[PDB]
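**Student:** Sharing a structure, written as structure tokens. Questions coming.
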Amino acid sequence: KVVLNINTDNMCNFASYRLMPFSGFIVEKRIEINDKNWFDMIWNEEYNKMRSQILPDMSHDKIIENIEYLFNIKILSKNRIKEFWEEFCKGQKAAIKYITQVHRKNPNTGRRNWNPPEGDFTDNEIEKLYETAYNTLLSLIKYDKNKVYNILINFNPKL
Amino acid sequence: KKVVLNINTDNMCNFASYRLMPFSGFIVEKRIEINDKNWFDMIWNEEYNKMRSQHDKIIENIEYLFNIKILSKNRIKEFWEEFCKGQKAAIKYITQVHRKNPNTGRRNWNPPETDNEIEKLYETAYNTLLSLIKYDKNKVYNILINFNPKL
Amino acid sequence: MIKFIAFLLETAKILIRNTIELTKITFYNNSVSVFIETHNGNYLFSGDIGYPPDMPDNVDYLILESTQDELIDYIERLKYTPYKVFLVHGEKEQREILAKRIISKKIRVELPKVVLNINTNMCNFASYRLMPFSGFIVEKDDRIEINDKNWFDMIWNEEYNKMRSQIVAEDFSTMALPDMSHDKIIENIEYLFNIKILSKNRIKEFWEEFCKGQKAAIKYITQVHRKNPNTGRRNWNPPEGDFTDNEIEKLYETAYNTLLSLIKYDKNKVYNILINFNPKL
Amino acid sequence: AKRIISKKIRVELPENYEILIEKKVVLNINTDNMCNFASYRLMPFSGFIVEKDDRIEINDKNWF
Amino acid sequence: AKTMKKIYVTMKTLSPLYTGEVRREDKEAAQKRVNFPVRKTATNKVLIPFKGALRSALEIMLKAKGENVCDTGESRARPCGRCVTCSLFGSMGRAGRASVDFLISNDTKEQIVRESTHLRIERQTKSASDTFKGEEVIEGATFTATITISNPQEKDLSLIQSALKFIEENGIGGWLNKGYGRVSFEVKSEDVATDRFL
Amino acid sequence: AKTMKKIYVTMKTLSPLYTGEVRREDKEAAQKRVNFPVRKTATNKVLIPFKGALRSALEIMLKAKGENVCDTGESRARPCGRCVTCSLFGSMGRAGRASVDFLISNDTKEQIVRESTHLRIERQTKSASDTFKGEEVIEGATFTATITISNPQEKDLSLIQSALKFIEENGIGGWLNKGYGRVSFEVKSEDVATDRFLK
Amino acid sequence: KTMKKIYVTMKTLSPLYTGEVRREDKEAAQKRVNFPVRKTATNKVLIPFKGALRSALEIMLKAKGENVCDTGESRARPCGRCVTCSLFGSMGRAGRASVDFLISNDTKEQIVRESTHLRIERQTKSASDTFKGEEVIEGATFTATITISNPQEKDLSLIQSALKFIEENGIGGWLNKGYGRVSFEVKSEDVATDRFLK
RNA sequence: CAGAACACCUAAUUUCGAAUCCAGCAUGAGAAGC
Ligand SMILES: [Zn+2]
Ligand SMILES: [Zn+2]
Ligand SMILES: [Zn+2]
């Protein structure tokens, strides 16, 4: 038999046929259908074997509303959304490290590496917008690749 | 709930105790079938098509234009094909090939073997075959037999 | 370059004291051995050994055999000691036991598409030097290269982008758009076709995105007409003419309204509309 | 130069001045089981590169 | 008849090299991520059309000498079948003696094809009015093509090398006015008896 | 037709010179180290676009003189095909007679490209708000180009020389406003025969 | 059309320190001097002029009280609608005034000297720190131009006001220590954009 | 087996090295010989 190991959310409708663009790995195991996660875990498992021998949760609609608002004040530009797509696609620890990197207030300068807000806001609230941006972009990493792409191509098409 | 695979399971790698193959998918729902890109290119084409379902003077002039290659054997064959199709296809055909593109300026006639003389000879081809579009089909057949042997 | 099987030698493609000159070939007696000279090499196929043989005059390569003291005596008394000896035609353990002694006389041995490492760490475990590595073997049409999961990550991400930007949600599948009569559609698309806002590429792209459903056409015409917040630039071709700035905007609005009003017309009807403009499709 | 010729290694003086030594890279792993993903004939393999004098080899887990 | 000239041409790019993507489906698949993709094989190697470059080069240089060479440049023109480019590259009644292979690179896309960012700057405001992406082949990329000439005369070598210096001067591919496609050629010529496969 | 103009252009650099890296992969490779990479070759040499600078120069000066030159710098503006710059650099119908190459450097990055630091002084406290590192080309760096006009008339020399003088005024590429890109040009012009290479 | 030449001449009146920005020029001078001066590869001293002029105009015009943005806070985006944005640039239009660098007319040997500075302990009145820097001597002459592409009426007086602010406050680094006090002589001319067109 | 030309003590150290816009249009889709 054959087992698909993928949740079938993000299924479009091409004419009268429901359809999913997808990339994977045929495994002759139960003839399993496994995603990229599988490959990363098994690559690192063989790395450890070879070398041995010698996130907060936010609702989806709140993610759209907050990413909408942070897009309008240009805290979250499309350069940020594109590089967040690169660092999420590379993995999750990379996206954690990138988001902590852009949110780290440098102790010597006091500066966050975000883009400043457009408009008049108090410095406490500008900081709260930065902390909100940390919370949404960190909360985005808990989702799969498909909803992250579908969320951020409404704001940076090409991301 | 059933699953069926429709991609070749023959040219697949082996690594790390699993016989694995990176593959691109097009998971379809009906069972749940996993198709490649050839099926998706197919369906894309077939849905496209589906939507895509919905008298001596003429002798002298044709003898002139046969030598400078403006009218040619392919042109005689297709003009006679429009005439054998009828009369509406003839007017549509010579309107289409006389149609100078407003962007580039190049007509679809074959070039003669100045621009004023070029326009005059292309107009000669128009009045020649548009005069020939009104005569009887037997006369068109005997005139076109002399220059194109097949048609 | 010797290819082992007998002994093939690819320079002339010969395969193994007067001098025959084919690649200077010359047979010395074993007590028989052959000394071949070429611009890339001075090879010696010795054959077997018996006690005072006839070693050649520089033997760059010495391809000998044994199954022990006489092999090494012949490894010496040869002027200009060879670069690499080759230990053939014997048992493997005895070949290694001899080979340890050719290493003790500081002479290198080798016991019997181009492949490129695109790798990068080292370990000195056991007698040999190494670096543990899990990777990929690509077999390009004249190379065979070795990569790691970063390269597979980059082509996997390229495949994911190329396959996501290939199927839209409800295209070729089955309201509130503007409405305007066919005569004003004629006048507007004639006027917007002479000046170049509605050009043959744009009519053709309207035709494909209308064949892919009404919503695909609505999405295409919106993203063509969508003015950018920053540049203030719409994806129309500029009209060719004096039009100063405001009838530019009213003219792009006319293109928006005319295409959106043409959307709810029948597919054959918009076909009979468009082919007067773009004869192809 | 005379003594180092006596040690039977070769000398090139500058006023008196041709083997090729390819530091070859060779693959000692199975090659038949390969697939296609992005029009690339690839194969995941895990093993050990061994940098031996005059030859870089790519040897499997069996060799190690 | 009994001999063929073989011209192994190895060409190395001294400049960025753009030739355009020809296949409609490959172009429309890569009219999203890049707006001027370069010509690729399905084995992911860069194709350059080489015969037309040599034929154009020879026709301009031979019309410059005043020889009675024709021109297959104007719309719907006629090979006269009597010139030296008509003998070399062919007419409508006779084929070409010099069969000119495509310029096949030895590398693939990730080694030589790079995407880019080309601009259009407003003359008064000095700001980028337009942006568009376009692939190019890098400098130092090298390509091979084999030109095989059946029934060779004396002067096919000289004309082919002269065409190659003209291609070095003008460029090959597209965007030749912006500096793209300027290359250098190396030629290994060899006479061949046609029956060497027997 | 029978003749063709070769304009060998040797450019020397006086102020620092910047032209931004256009290739995506080369740029993102350099943004781990420098925030503004110099446009560079894969043979490690500095590449500067040169046709558009000459066209922009000639467009501005001919427009100020009063000649009937179209403005191809406006967004998706069609060249009409009857201007002088349309005959020189190109139109939609016909290509340009002048085929300008890139300004290829005569040295190789590691001798002419230096990594520099620029800032943003906060205007009231006189401290540094932003600090960014950009690559630039040193002064006295030599660049070479050739302008090959296929069908020369008499003005195609002097118009190119005038545009070159305008490039000495405004700068060739990059941050022309901060003073970058100020260069000088030497011109060696010859009219070659088109049939030169035919033996 | 017209464009405005502002030929700007600086004479140094107190030792001028601007810092070397090139990394290869700076970490190879670190064995000698802890503060190199900004130099060319022609070994002439470079001063960044634009940012000083723009900082001057923001400070003075903000004190007078018009709508002028600040381009000095953290990632401060220009607005596009002010006199400073029109002259020196924004995120839309570029700067109408191209401000060339200040290159010295003499090379480094005549004008750069290698000085010793110190930090004195306030209690013991002894030398606590010692560091070597490079300073431009007094009387060194630096030449620039400023070109205005689209010249408005107020622009010369605006540039000269910023050039009086830079005379009083200073240019370069170590500004509150007395380093960088300069004098400006300005010759202006309006020229037509068609001047090189013979 | 190659450079060689009144007095001390010092000649170091620390931050930042990022952020943003755009990535579109337009033309051509035919001939002819056998
Ligand atoms: Zn001919
Ligand atoms: Zn024009
Ligand atoms: Zn402003």
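Ordering of the structure tokens sets the chain letters (A, B, ...); residue numbers start at 1 within each chain; ligands are numbered from 1 in the order shown.
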Mind the document's chain letters and residue numbers, and return as a CSV table (one decimal) with N, CA and C atoms, in the first residue's frame the residues of chain D that DSSP labels alpha helix (DSSP H).
**Tutor:**
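Now in states.csv:
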```
chain,number,residue,atom,x,y,z
D,2,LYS,N,76.0,16.5,-8.3
D,2,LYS,CA,76.6,15.2,-8.5
D,2,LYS,C,76.2,14.3,-7.3
D,3,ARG,N,76.2,14.8,-6.1
D,3,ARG,CA,75.9,13.9,-5.0
D,3,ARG,C,74.4,13.6,-5.0
D,4,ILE,N,73.5,14.5,-5.4
D,4,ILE,CA,72.1,14.2,-5.4
D,4,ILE,C,71.7,13.4,-6.6
D,5,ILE,N,72.5,13.4,-7.7
D,5,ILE,CA,72.4,12.3,-8.8
D,5,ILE,C,72.9,11.0,-8.2
D,6,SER,N,73.9,11.0,-7.3
D,6,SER,CA,74.3,9.7,-6.7
D,6,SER,C,73.3,9.1,-5.8
```
**Student:** Return as a PyMOL selection string every polymer residue, whether protein, DNA or RNA, with at least one atom no more than 6 Å from an atom of ligand 2; count only C-alpha atoms (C1' of nucleotides) and all ligand atoms.
**Tutor:** chain F and resi 69-70+79-83+86
**Student:** With N, CA, C and O atoms retained, could you export that selection as a PDB file, in the first residue's frame?
**Tutor:**
```pdb
ATOM      1  N   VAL F  69      14.705  65.684 -29.980  1.00  0.00           N
ATOM      2  CA  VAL F  69      15.107  64.426 -29.363  1.00  0.00           C
ATOM      3  C   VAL F  69      14.019  63.963 -28.406  1.00  0.00           C
ATOM      4  O   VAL F  69      13.587  64.722 -27.532  1.00  0.00           O
ATOM      5  N   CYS F  70      13.585  62.716 -28.572  1.00  0.00           N
ATOM      6  CA  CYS F  70      12.644  62.096 -27.653  1.00  0.00           C
ATOM      7  C   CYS F  70      13.323  61.792 -26.321  1.00  0.00           C
ATOM      8  O   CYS F  70      14.549  61.706 -26.225  1.00  0.00           O
ATOM      9  N   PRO F  79      11.022  55.290 -28.056  1.00  0.00           N
ATOM     10  CA  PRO F  79      11.807  56.166 -28.931  1.00  0.00           C
ATOM     11  C   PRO F  79      11.170  56.258 -30.309  1.00  0.00           C
ATOM     12  O   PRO F  79      10.728  55.256 -30.875  1.00  0.00           O
ATOM     13  N   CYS F  80      11.129  57.478 -30.851  1.00  0.00           N
ATOM     14  CA  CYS F  80      10.384  57.704 -32.087  1.00  0.00           C
ATOM     15  C   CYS F  80      11.121  57.169 -33.309  1.00  0.00           C
ATOM     16  O   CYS F  80      10.484  56.696 -34.255  1.00  0.00           O
ATOM     17  N   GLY F  81      12.448  57.233 -33.313  1.00  0.00           N
ATOM     18  CA  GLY F  81      13.226  56.758 -34.434  1.00  0.00           C
ATOM     19  C   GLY F  81      13.758  57.821 -35.364  1.00  0.00           C
ATOM     20  O   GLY F  81      14.362  57.477 -36.385  1.00  0.00           O
ATOM     21  N   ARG F  82      13.563  59.097 -35.044  1.00  0.00           N
ATOM     22  CA  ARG F  82      14.009  60.188 -35.892  1.00  0.00           C
ATOM     23  C   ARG F  82      14.982  61.122 -35.190  1.00  0.00           C
ATOM     24  O   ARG F  82      15.492  62.052 -35.826  1.00  0.00           O
ATOM     25  N   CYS F  83      15.250  60.909 -33.905  1.00  0.00           N
ATOM     26  CA  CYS F  83      16.217  61.725 -33.192  1.00  0.00           C
ATOM     27  C   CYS F  83      17.637  61.353 -33.601  1.00  0.00           C
ATOM     28  O   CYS F  83      17.886  60.348 -34.274  1.00  0.00           O
ATOM     29  N   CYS F  86      18.518  58.419 -31.519  1.00  0.00           N
ATOM     30  CA  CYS F  86      17.932  57.207 -32.079  1.00  0.00           C
ATOM     31  C   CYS F  86      18.810  56.634 -33.181  1.00  0.00           C
ATOM     32  O   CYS F  86      18.911  55.411 -33.331  1.00  0.00           O
TER      33      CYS F  86
END
```
**Student:** Using only C-alpha atoms, find which residues of chain A lie within 6 Å of chain B and jot them down as a PyMOL selection string.
**Tutor:** chain A and resi 18-28
**Student:** List every residue of stretch 9-143 of chain B that DSSP, applied to the backbone of this structure, assigns to strand (DSSP E or B), and report them as a PyMOL selection string.
**Tutor:** chain B and resi 15+18-29+32-34
**Student:** Leaving out residue G:166 and any residue of its chain fewer than 2 positions from it, which residues lie within 12 Å of it when counting only C-alpha atoms (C1' of nucleotides), given as an MDAnalysis selection string?
**Tutor:** chainID G and resid 10 12 49:57 59:60 159:164 168:172 175 180:184
**Student:** Taking only C-alpha atoms (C1' of nucleotides) and all ligand atoms into account, which residues are within 12 Å of ligand 3, as a PyMOL selection string?
**Tutor:** chain G and resi 54+57-58+61-62+66-72+76-95
**Student:** Listing only residues of chain E within 9 Å of chain B, what is the closest atom pair and its distance in Å (to one decimal) for each, using only C-alpha atoms, sorted by chain and residue number ascending, as CSV?
**Tutor:**
```
residue,atom,partner,partner_atom,distance
E:75,CA,B:111,CA,8.0
E:76,CA,B:111,CA,6.8
E:77,CA,B:111,CA,7.4
E:78,CA,B:113,CA,8.4
```
**Student:** So that I have them on file, write out the residues from the current selection with N, CA, C and O atoms, as a compact mmCIF listing (two decimals), in the first residue's frame.
**Tutor:**
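Listing of again-v5.txt after writing:
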```txt
# COMPACT_ATOMS: atom_id res chain seq x y z
N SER E 75 13.59 41.66 -45.41
CA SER E 75 12.41 40.81 -45.22
C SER E 75 12.16 39.97 -46.45
O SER E 75 12.12 40.48 -47.57
N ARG E 76 12.10 38.66 -46.21
CA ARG E 76 11.65 37.67 -47.18
C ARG E 76 12.56 37.61 -48.40
O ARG E 76 12.11 37.37 -49.52
N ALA E 77 13.87 37.81 -48.18
CA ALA E 77 14.86 37.95 -49.23
C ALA E 77 15.19 36.60 -49.88
O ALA E 77 14.66 35.55 -49.51
N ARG E 78 16.10 36.64 -50.85
CA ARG E 78 16.41 35.49 -51.69
C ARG E 78 17.90 35.19 -51.65
O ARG E 78 18.71 36.08 -51.96
```
**Student:** Using only C-alpha atoms (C1' of nucleotides) and all ligand atoms, determine which residues fall within 7 Å of ligand 1, then list them as number ranges by chain.
**Tutor:** E: 69-71, 79-83, 85-86
**Student:** Next, dump the selected residues to file, keeping only N, CA and C atoms, as a PDB file, in the first residue's frame.
**Tutor:**
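Below you can see result.pdb, which holds the result:
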```pdb
ATOM      1  N   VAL E  69      28.171  39.405 -53.383  1.00  0.00           N
ATOM      2  CA  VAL E  69      27.483  38.627 -52.363  1.00  0.00           C
ATOM      3  C   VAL E  69      26.080  39.195 -52.161  1.00  0.00           C
ATOM      4  N   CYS E  70      25.099  38.316 -51.928  1.00  0.00           N
ATOM      5  CA  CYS E  70      23.721  38.745 -51.746  1.00  0.00           C
ATOM      6  C   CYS E  70      23.503  39.184 -50.298  1.00  0.00           C
ATOM      7  N   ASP E  71      22.247  39.376 -49.914  1.00  0.00           N
ATOM      8  CA  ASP E  71      21.917  39.744 -48.543  1.00  0.00           C
ATOM      9  C   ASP E  71      20.634  39.025 -48.165  1.00  0.00           C
ATOM     10  N   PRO E  79      18.311  33.990 -51.240  1.00  0.00           N
ATOM     11  CA  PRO E  79      19.677  33.542 -51.528  1.00  0.00           C
ATOM     12  C   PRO E  79      19.837  33.349 -53.027  1.00  0.00           C
ATOM     13  N   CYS E  80      20.804  34.054 -53.609  1.00  0.00           N
ATOM     14  CA  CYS E  80      21.022  33.950 -55.044  1.00  0.00           C
ATOM     15  C   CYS E  80      21.653  32.624 -55.448  1.00  0.00           C
ATOM     16  N   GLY E  81      22.293  31.915 -54.522  1.00  0.00           N
ATOM     17  CA  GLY E  81      22.854  30.614 -54.840  1.00  0.00           C
ATOM     18  C   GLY E  81      24.115  30.655 -55.663  1.00  0.00           C
ATOM     19  N   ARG E  82      24.778  31.813 -55.717  1.00  0.00           N
ATOM     20  CA  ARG E  82      25.972  32.020 -56.528  1.00  0.00           C
ATOM     21  C   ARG E  82      27.128  32.670 -55.777  1.00  0.00           C
ATOM     22  N   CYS E  83      26.927  33.183 -54.564  1.00  0.00           N
ATOM     23  CA  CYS E  83      27.968  33.895 -53.834  1.00  0.00           C
ATOM     24  C   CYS E  83      28.825  32.911 -53.044  1.00  0.00           C
ATOM     25  N   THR E  85      28.969  33.156 -49.588  1.00  0.00           N
ATOM     26  CA  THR E  85      28.103  32.829 -48.458  1.00  0.00           C
ATOM     27  C   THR E  85      26.959  31.926 -48.887  1.00  0.00           C
ATOM     28  N   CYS E  86      26.556  32.013 -50.151  1.00  0.00           N
ATOM     29  CA  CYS E  86      25.550  31.100 -50.675  1.00  0.00           C
ATOM     30  C   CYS E  86      26.112  29.699 -50.843  1.00  0.00           C
TER      31      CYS E  86
END
```
**Student:** Stretch 9-13 of chain H: which residues within 8 Å, counting only C-alpha atoms (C1' of nucleotides), same-chain residues fewer than 3 positions away excluded, as a list in words?
**Tutor:**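 Near stretch 9-13 of chain H, the qualifying residues are residues 116, 127, 129, 130, 131 and 132 of chain G.
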**Student:** Go ahead and save the residues from that selection, with N, CA and C atoms, as an mmCIF file, in the first residue's frame.
**Tutor:**
```cif
data_model
loop_
_atom_site.group_PDB
_atom_site.id
_atom_site.type_symbol
_atom_site.label_atom_id
_atom_site.label_comp_id
_atom_site.auth_asym_id
_atom_site.auth_seq_id
_atom_site.Cartn_x
_atom_site.Cartn_y
_atom_site.Cartn_z
ATOM 1 N N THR G 116 50.776 63.388 17.762
ATOM 2 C CA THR G 116 50.619 62.612 18.984
ATOM 3 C C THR G 116 49.640 63.320 19.907
ATOM 4 N N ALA G 127 50.516 61.811 31.916
ATOM 5 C CA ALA G 127 50.042 61.223 30.670
ATOM 6 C C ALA G 127 49.426 59.856 30.928
ATOM 7 N N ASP G 129 46.875 58.235 28.577
ATOM 8 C CA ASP G 129 46.783 57.516 27.314
ATOM 9 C C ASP G 129 47.592 58.263 26.273
ATOM 10 N N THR G 130 48.046 57.558 25.242
ATOM 11 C CA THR G 130 48.763 58.197 24.146
ATOM 12 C C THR G 130 48.356 57.518 22.851
ATOM 13 N N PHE G 131 47.999 58.309 21.843
ATOM 14 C CA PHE G 131 47.611 57.764 20.555
ATOM 15 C C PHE G 131 48.047 58.709 19.451
ATOM 16 N N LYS G 132 48.389 58.141 18.304
ATOM 17 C CA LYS G 132 48.858 58.917 17.171
ATOM 18 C C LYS G 132 47.772 58.997 16.110
#
```
**Student:** Should the cut-off be 12 Å, what would the residue list for chain A against chain E look like, counting only C-alpha atoms, as a PDB file with N, CA, C and O atoms, in the first residue's frame?
**Tutor:**
```pdb
ATOM      1  N   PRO A 157       3.903  39.777  -3.245  1.00  0.00           N
ATOM      2  CA  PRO A 157       3.983  38.873  -4.393  1.00  0.00           C
ATOM      3  C   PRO A 157       5.427  38.921  -4.845  1.00  0.00           C
ATOM      4  O   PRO A 157       5.968  40.020  -4.967  1.00  0.00           O
ATOM      5  N   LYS A 158       5.987  37.724  -5.182  1.00  0.00           N
ATOM      6  CA  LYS A 158       7.378  37.256  -5.359  1.00  0.00           C
ATOM      7  C   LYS A 158       8.029  36.748  -4.073  1.00  0.00           C
ATOM      8  O   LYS A 158       9.209  36.392  -4.089  1.00  0.00           O
ATOM      9  N   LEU A 159       7.301  36.678  -2.962  1.00  0.00           N
ATOM     10  CA  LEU A 159       7.879  36.080  -1.746  1.00  0.00           C
ATOM     11  C   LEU A 159       7.294  34.708  -1.407  1.00  0.00           C
ATOM     12  O   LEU A 159       6.865  34.469  -0.276  1.00  0.00           O
TER      13      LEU A 159
END
```
**Student:** Would you kindly report the residues of chain E within 8 Å of chain D, using only C-alpha atoms, as a ChimeraX atom specification?
**Tutor:** /E:42-44
**Student:** What's the 12 Å shell around stretch 107-118 of chain A, counting only C-alpha atoms (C1' of nucleotides), without same-chain residues fewer than 3 positions away, as a PyMOL selection string?
**Tutor:** (chain A and resi 69-81+98-104+121-123+125-134) or (chain F and resi 127-131) or (chain G and resi 73-79) or (chain H and resi 14-20)
**Student:** Which chain H residues are at most 8 Å from chain C (counting only C-alpha atoms (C1' of nucleotides)), as JSON, numbers by chain?
**Tutor:** {"H": [21, 22, 24, 25]}
**Student:** With only C-alpha atoms (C1' of nucleotides) as the counted atoms, please give the residues lying no more than 12 Å from residue C:210, apart from itself and same-chain residues fewer than 4 positions off, as a ChimeraX atom specification.
**Tutor:** /B:48,51-52 /C:170-174,202-206,214-221,259-260,262-268,270-271,274,281
**Student:** Pull the closest atom pair for each residue of chain F that gets at most 12 Å from chain B, along with the distance in Å to one decimal, counting only C-alpha atoms, ordering rows by chain and then ascending residue number, as JSON lines.
**Tutor:**
```
{"residue": "F:92", "atom": "CA", "partner": "B:104", "partner_atom": "CA", "distance": 10.4}
{"residue": "F:93", "atom": "CA", "partner": "B:104", "partner_atom": "CA", "distance": 8.1}
{"residue": "F:94", "atom": "CA", "partner": "B:104", "partner_atom": "CA", "distance": 11.2}
```
**Student:** Atoms to include: C-alpha atoms. Write the selected residues as a PDB file, in the first residue's frame.
**Tutor:**
```pdb
ATOM      1  CA  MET F  92      12.542  50.558 -31.638  1.00  0.00           C
ATOM      2  CA  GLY F  93      12.695  49.898 -35.364  1.00  0.00           C
ATOM      3  CA  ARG F  94      16.411  49.886 -35.947  1.00  0.00           C
TER       4      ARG F  94
END
```
